[PDB]
Amino acid sequence: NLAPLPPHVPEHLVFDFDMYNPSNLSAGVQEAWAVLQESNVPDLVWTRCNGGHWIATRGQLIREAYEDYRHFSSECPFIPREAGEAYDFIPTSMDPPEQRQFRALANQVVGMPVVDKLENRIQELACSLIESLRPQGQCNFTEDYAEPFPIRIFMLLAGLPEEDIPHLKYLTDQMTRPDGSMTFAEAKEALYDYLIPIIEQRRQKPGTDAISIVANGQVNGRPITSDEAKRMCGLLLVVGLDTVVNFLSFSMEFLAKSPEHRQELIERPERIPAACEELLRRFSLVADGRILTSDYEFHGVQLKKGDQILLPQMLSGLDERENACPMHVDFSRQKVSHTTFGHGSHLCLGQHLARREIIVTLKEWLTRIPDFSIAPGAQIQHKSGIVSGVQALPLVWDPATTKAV
Ligand code: HEM
Ligand SMILES: CC1(C)[C@@H]2CC[C@@]1(C)C(=O)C2
Ligand SMILES: [K+]
């Protein structure tokens, strides 16, 4: 359904892109979004889909808008508007200066220092999961590895039982790729219904888990409030259950379809880190945005106070203006440019944990299962939203070609 065109939006800037069900989704989600970068498409367009909103299509504008928080506010970061209005997670729903004090505490529970403490656990789980699958000669990658690996590690640090995964995963997914059964607001309240008692429980009897640290934390010298802690932990759950999980599947789908690249990493393991960065660019998957704090002329386009603008983190690296032959994957690419982990004051705090999980996966999987492919006749389906993903990824391989170690 298309919303009536606002009086200030000129017809020549209309491009009805649906971020939750893009026209060319069958060609791959990144490819579907890339249509926004075709020759005849303006740098900034307006779509009448999902209530109506602007979409910056080039890395230059995306980066600029993310840096200018005075005009582009995070107060309402999601499309549709009802979702952005209900969205109140900390620190993502705040703009500087207020945002910074909470960011410092968040970095404390998901930052590099935390990764170091989880290193052995992360390594051990990846190897354990892969070894268990190796002899089967097949797997449903999304549910057999992409989900359990990142999620179990997260539940470990958050001190939450693994049996709670199904429910929490469902809720998080409704906030990024809603199936229609729940509005963002309904999913949020369900998430908070789960968290509130745990936070109070851990404020009374503090543990060493991430929820306890946040719950009993301080924000620039003063005690964090119960609601602030709740809004912070809400973000942690979403990010721990619906980010790396999706990216791993895009990366493995690609490797399953390209023996050449698998071979390159097998022969030269030292290239894994660089490969991780090139895959992060090519298979970027996030797209959220901002709301205009006032009327503002941006790159020749008149934006009105309250207008929502989608700033696809995914598009910057796919922009041929930033990377030549953007759809081509080259692990030796000289200057890999992207905004996969965001840009500006809200730059991803968990990117170190994400990269570690990606690199460990690449290394340990290729060491045990060097040769694999997409299951016979399988047609991989992608899903689009605030965070895009892969519906299912059935893989097959000959056990005789694997190495247990
Ligand atoms: C492939 C994996 C990941 C991607 C692509 C990703 C992407 C992003 C992006 C684009 C933002 C900024 C959004 C905005 O500007 O509104 C962000 C923020 C954040 N991310 Fe990540 N993320 C990933 C994994 C993680 C993980 C594993 C954690 C921790 C468990 C994490 C924690 C955070 C936090 C706390 C913020 C909010 C920072 C702030 O608002 O100041 N991220 N991430
Ligand atoms: C857009 C994001 C990827 C960023 C981290 C999780 C996410 C869905 C948010 O709500 C903020
Ligand atoms: K809001």
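We count ligands from 1, going down the list as the structure has it; atoms in each ligand are counted the same way. Atom set for the values below is all heavy atoms of this structure, side chains included, hydrogens, waters and symmetry mates excluded. If you read the sequence from its start, that first residue is 1, and numbering goes on from there.
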- Query: Is the CG atom of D179 crowded by more than 12 outside heavy atoms at less than 6.0 Å?
  - Reply: yes
- Which atoms from ligand 2 have a heavy atom of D288 less than 4.0 Å away? 1 (C)
- Query: More than 12 foreign heavy atoms under 6.0 Å from NZ of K335: is that the case here?
  - Reply: no
- Query: How far is atom 38 (C) of ligand 1 from its nearest protein heavy atom, and which residue and atom is that?
  - Reply: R103 NH1, 3.4 Å
- Within 4.0 Å of some non-hydrogen atom of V239, the atoms of ligand 2 are 5 (C), 6 (C)
- Message: Looking only at protein heavy atoms, which one is nearest to atom 37 (C) of ligand 1, and what is the separation?
- Response: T92 OG1, 3.6 Å
- Message: Check contact between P91 and ligand 1, using heavy atoms of the residue and a distance below 4.0 angstrom.
- Response: yes
- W54 versus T47, side-chain donor and acceptor atoms under 3.5 Å: no
- Strictly by modelled atom types, are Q391 and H382 linked by a side-chain donor-acceptor pair under 3.5 Å? no
- Item | Minimum heavy-atom distance between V387 and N246, given as atom pair plus value | CG1-ND2, 3.6 Å
- Correct closest heavy-atom pair for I90 and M232 would be O-SD, 3.0 Å
- Task: Please indicate, with yes or no, if any protein heavy atom is found under 4.0 Å from atom 4 (C) of ligand 2?
- Result: no
- Item | Any N or O of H343 closer than 3.5 Å to N or O of ligand 1 | no
- Task: Determine the minimum heavy-atom distance between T92 and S74, stating which atoms define it.
- Result: O-CB, 3.2 Å
- Item | Atoms of ligand 1, numbered as shown, that sit under 4.0 Å from any heavy atom of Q99 | 39 (C), 41 (O)
- Heavy-atom check, side chain of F184 versus side chain of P80, under 4.5 Å: no
- Item | Identity of the nearest option to atom 11 (C) of ligand 2, non-hydrogen atoms only, from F78, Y87, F89 | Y87
- Message: What I want to know is whether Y66 and ligand 1 share at least one N or O pair that is separated by under 3.5 angstrom.
- Response: no
- Message: Please identify which of these residues, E277, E253, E31, meets the salt bridge (charged side-chain N to carboxylate O under 4.0 Å, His left out) condition with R282.
- Response: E31
- Verify whether one side chain among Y296 and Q302 offers a donor that lies under 3.5 Å from an acceptor in the other. no
- Query: Will you find, in the side chains of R281 and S337, an N or O donor that is under 3.5 Å from an N or O acceptor?
  - Reply: no
- Item | Closest approach of any protein heavy atom to atom 12 (C) of ligand 1, naming residue and atom | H346 O, 3.3 Å
- Message: Which of the numbered atoms in ligand 2 are under 4.0 angstrom from any heavy atom belonging to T92?
- Response: 11 (C)
- Query: In the protein, which heavy atom is nearest to atom 16 (O) of ligand 1, and how far is it?
  - Reply: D288 OD2, 2.6 Å
- Just wondering, are more than 12 heavy atoms of other shown residues or ligands nearer than 6.0 Å to CZ in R100? yes
- Item | Intermediate values then yes/no, side chain to side chain contact (heavy atoms under 4.5 Å, CB included), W46 and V301 | CA-CA 10 Å; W46 174 276; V301 182; over 6 Å; no
- Message: More than 12 heavy atoms of other residues, nucleotides or ligands under 6.0 Å from CD of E264: yes or no?
- Response: yes
- Query: Do you know the tightest heavy-atom contact between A187 and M175?
  - Reply: CB-CG, 3.9 Å
- Task: Count the heavy atoms belonging to other residues, nucleotides or ligands that lie under 6.0 Å from CD of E75, then report whether that count exceeds 12.
- Result: no
- Query: Nearest protein heavy-atom contact for atom 15 (O) of ligand 1: which residue, which atom, what distance?
  - Reply: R290 NH2, 2.8 Å
- Over 12 foreign heavy atoms within 6.0 Å of CD, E270: yes
- Task: Using distance alone, determine whether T340 and ligand 1 share an N or O pair under 3.5 Å.
- Result: no
- Task: Please list, in chain and residue-number order, the protein N/O/S atoms closer than 2.8 Å to atom 21 (Fe) of ligand 1.
- Result: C348 SG
- the K ion (ligand 3) - number of protein N/O/S atoms closer than 3.4 Å: 4
- What is the nearest protein non-hydrogen atom to atom 2 (C) of ligand 2, stated with its residue, atom name and distance? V286 CG1, 4.3 Å
